[PDB]
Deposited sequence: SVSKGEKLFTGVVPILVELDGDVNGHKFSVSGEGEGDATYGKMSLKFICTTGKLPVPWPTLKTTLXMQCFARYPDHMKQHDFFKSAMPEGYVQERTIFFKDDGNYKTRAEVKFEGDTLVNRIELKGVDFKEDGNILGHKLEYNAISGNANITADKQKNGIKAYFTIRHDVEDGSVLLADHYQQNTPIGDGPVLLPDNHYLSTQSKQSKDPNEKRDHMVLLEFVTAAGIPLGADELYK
């Protein structure tokens, strides 16, 4: 793919999210750099509207699979870069077990040399005293697999996976993700064999930052097809 060539170096990242969860409006900005050669993203996110009304961990998966490292033997399965620079639409529904759901729609595309991820999120049916609106989730790192499958009908991909969010009481809040991606442009894309993306994450705070924020260092690798 021609899009693959746009990711061989370090790429500036810009993220914008407008959210509404049970009527609580908020916005998030992010910035960083991606180095897909190494599957790496270095990111910092800020809540631009004050305090986030949901836990940072619940937004991590919403807040750029184009930065995954595909091993050479799997490069024909990288839909995400093949859709660049025109980009793709990424939609999810995230079902939180015994709580509400998030519906997200994002456009991921280049604006010049910057990879931009613009997101709208709507959350409904959340429990005002639950683990999400009650802020009862551990601020720790999310790591694991996103299962990718071709969606030939939509000239794109679907993904599915469950995030296990640690709760402050030792329990787990399951977040069941259903994902659809469709190219924005009408140029040809790569439709993959089944595989997954493996994410390793380190989450931190900026000790000099007074705004509500999250710092992430992410490594994402495609896998599941043998050498």
query: Coordinate gaps, deposited numbering; finding: 1-2, 66, 231-237
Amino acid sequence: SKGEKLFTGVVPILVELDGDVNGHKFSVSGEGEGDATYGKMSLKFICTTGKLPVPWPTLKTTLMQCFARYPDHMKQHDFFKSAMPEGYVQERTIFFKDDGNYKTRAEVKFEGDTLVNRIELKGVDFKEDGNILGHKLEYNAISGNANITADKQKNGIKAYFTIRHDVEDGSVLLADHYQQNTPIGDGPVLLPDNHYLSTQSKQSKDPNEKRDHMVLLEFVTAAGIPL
From here on, numbers count along this sequence of modelled residues.
item	value
Stretch with the greater mean C-alpha B-factor as recorded in the entry, comparing 125-133 against 92-100	125-133
135-143 versus 76-84 - greater average Cα B-factor per the deposited record	135-143
Most elevated Cα B-factor in the entry, residues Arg69, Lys60, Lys44, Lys51	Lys51
C-alpha B-factor winner, where the candidates are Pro192, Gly30, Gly39, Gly187	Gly187
Third of the chain's Cα B-factor distribution that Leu197 belongs to, per the entry	lowest
B-factor third for the C-alpha atom of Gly9 within its chain	middle
Record-listed C-alpha B factor of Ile163: chain third	middle
Position of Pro55 among the chain's modelled residues by C-alpha B-factor, lowest, middle or highest third	middle
For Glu218, the third of its chain into which the C-alpha B factor falls	lowest
